[PDB]
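Participant:
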Amino acid sequence: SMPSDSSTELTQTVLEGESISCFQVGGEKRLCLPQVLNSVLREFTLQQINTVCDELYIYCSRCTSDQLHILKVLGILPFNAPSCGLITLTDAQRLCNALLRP
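Residues 135 to 236 (PDB author numbering) are what the sequence shown spells out, left to right.
Dropping the structure here:
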């Protein structure tokens with residue numbers, strides 16, 4: 135099958151030596167934002183993370199209710215989680231570039 139055939143297949147991809155969970159949405163791998171923020175970019179404040187995102191025009195979006203629930207059953211998010219952001223692989227890599235290697 136093609137990657138675009140489903141947006142509900144949880145896959146994993148490497149980011150800064152970290153294995154981040156992902157869905158394919160609108161033709162791009164999109165990473166579970168909480169994993170990127172609270173693990174890969176934990177050594178930077180949310181104020182600074184958001185400042186960089188505004189600067190580099192990082193387009194963050196929210197998971198569907200289907201995607202939210204899959205992330206819970208497959209053990210990535212706590213079941214109480216009301217929502218989850220997604221970041222494209224390409225935006226995650228260039229966000230990481232800006233913060234970890236200025």
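For each residue, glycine too, the CB sits at the ideal point set by N, CA and C.
1. Following the continuous alpha helix (DSSP H) through residue 189, name the residue where it begins and the one where it ends.
2. Compute the Euclidean distance between the alpha carbons of residue 201 and residue 141, then round it to the nearest angstrom.
3. Which residues does DSSP pair with residue 219 in a beta bridge?
4. Going by the DSSP bridge assignment, what does residue 152 pair with across the sheet?
5. Taking 9 Å as the cut-off, decide whether the C-beta atoms of residue 180 and residue 190 are in contact.
6. Using the Cβ count rule (16 or more neighbours within 10 Å means buried), how would you classify residue 236?
7. Quick check on residue 165: does DSSP put it in helix, strand or coil?
8. Would residue 197 and residue 205 be called neighbours here (beta carbons separated by less than 9 Å)?
9. Taking residue 220 as the reference, which of 144, 213 and 232 has the closest Cα?
10. May I have the straight-line CA-CA distance separating residue 173 from residue 210, to the nearest angstrom?
Facilitator: A quick look at the data gives this:
1. 180-190
2. CA-to-CA, the gap between residue 201 and residue 141 works out to about 8 Å.
3. 196
4. 149
5. no
6. exposed
7. strand
8. yes
9. 144
10. 13 Å
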